[PDB]
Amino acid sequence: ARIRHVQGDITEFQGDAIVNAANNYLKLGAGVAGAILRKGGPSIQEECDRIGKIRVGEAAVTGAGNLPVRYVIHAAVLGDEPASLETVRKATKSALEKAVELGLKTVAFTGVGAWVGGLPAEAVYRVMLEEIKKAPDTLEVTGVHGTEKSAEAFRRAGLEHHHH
């Protein structure tokens, strides 16, 4: 799938869904997850609670409440077990699978938060970007970034390496 990177606020992304790095208990925590909770409103956590525990590496779909998207895709990267490059790979793949199942055309993710935590960012971004490449071209993926340092780190992890 095609990926584009912008500076912005993922809670203001207009499109079909946003992907939220999650714990496998679907308990919305600090930072961006907290903005999702506040802007989306209580229906998001209420639905997460109804879904219950999922597997680490799985992704669960909820409504998005008052957010300008139709869904939040909660990609479980940690919880029962700590985050690893492997759980990151599985979760990104699972999130993209849900987008395909739901027939989505535009989805956003962000590079901060639980995707990285105690992992090396560059390696995480490379793993995510590999999974995003496999996704169908009918799907447009936007990376929404807090800062510019973040966005170009993503463009760098995205460039193909050729002889000089």
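When you see a residue number, it is the position in the sequence shown, counting from 1.
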Greater mean Cα temperature factor according to the PDB record, 121-129 or 95-103: 121-129
Residue stretch of maximal mean CA temperature factor, 24-32 vs 56-64: 24-32
Chain-wide C-alpha B factor ranking for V144, given as lowest, middle or highest third: middle
Among modelled residues of the same chain, the CA temperature factor third for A135: middle
Chain third (lowest, middle, highest) by recorded CA B-factor, residue given as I10: middle
Ranked against its chain, the third holding the CA B-factor of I44: lowest
Where the record places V116 (Cα B-factor, split into thirds across the chain): highest
